[PDB]
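> need a structure here:
(2 chains)
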Amino acid sequence: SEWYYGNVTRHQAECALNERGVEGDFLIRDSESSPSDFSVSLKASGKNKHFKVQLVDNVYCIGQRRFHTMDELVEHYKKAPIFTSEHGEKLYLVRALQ
Amino acid sequence: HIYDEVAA
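Numbering: from 1, shown residues only, chains lettered A, B, ... in the order given. Please see the structure below:
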């Protein structure tokens, strides 16, 4: 669970990603927007990205995809893009922020 | 806070 940073805020995540991260580095943190949920924060060129993960009945929901555990979700997005740009750029989770 | 759209 090297990627789980706990209750770090969105701002703290932005700073940490920019100070210590390279593109593809990411963290999972508690959501500041809803109590039992999470955010995936990803270092990306120009502007970092934040994705919602909603925990419902022990299932981790992101977009229209569902995962048994946060680990499964994270591993999925190392192998399938978590974001795709208009110019064909596919962004993947690569590594927990160090 | 605004969140980014996850890729399908």
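
> Spell out which parts of chain A neighbour chain B.
Proximity of chain A to chain B, by Cβ under 8 Å from any Cβ of the partner chain, involves residues A:10, A:32-33, A:39, A:49-52, A:62-65, A:80-84, A:90-91. (C-beta placed from N, C-alpha, C; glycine too.)

> residues in contact with the nearest residue to residue A:84 once chain neighbours are set aside?
Setting aside the residues directly before and after it, residue A:84 is nearest to residue B:7 in space (Cβ to Cβ, 6 or more residues apart in numbering or on different chains), at 4.4 Å. Residues in contact with residue B:7 (Cβ atoms under 8 Å, 6 or more residues apart in numbering or on different chains) are A:63, A:80-84, A:90-91.

> Can you turn the buried part of those into a ChimeraX selection?
Of these, the buried ones can be selected in ChimeraX as follows, counting by 16 or more other Cβ atoms under 10 Å in any protein chain shown:
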select /A:82,83,91
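
> Can you say which helix or strand has residue A:78 in it?
Using DSSP states H and E, residue A:78 sits within helix A:70-79.

> And the strands in chain A?
Taking DSSP state E, the strands of chain A run over residues A:25-30, A:38-42, A:49-56, A:59-62, A:65-67, A:83-84, A:90-91, A:95-96.

> Now do the second one: which elements does it pack against?
Helices and strands touching strand A:38-42, by 3 or more Cβ pairs under 8 Å, 6 or more residues apart in numbering or on different chains; DSSP states H and E, are helix A:10-20, strand A:25-30, strand A:49-56, helix A:70-79.

> and if you look at the longest one?
Taking 3+ Cβ pairs under 8 Å, 6+ apart as contact, the helices and strands that strand A:49-56 lies on are strand A:38-42, strand A:59-62.

> Just want the angle from it to helix A:10-20.
If you take axes from the mean of the first three to the mean of the last three Cα atoms, to 10 degrees, strand A:49-56 sits at 130 degrees to helix A:10-20.
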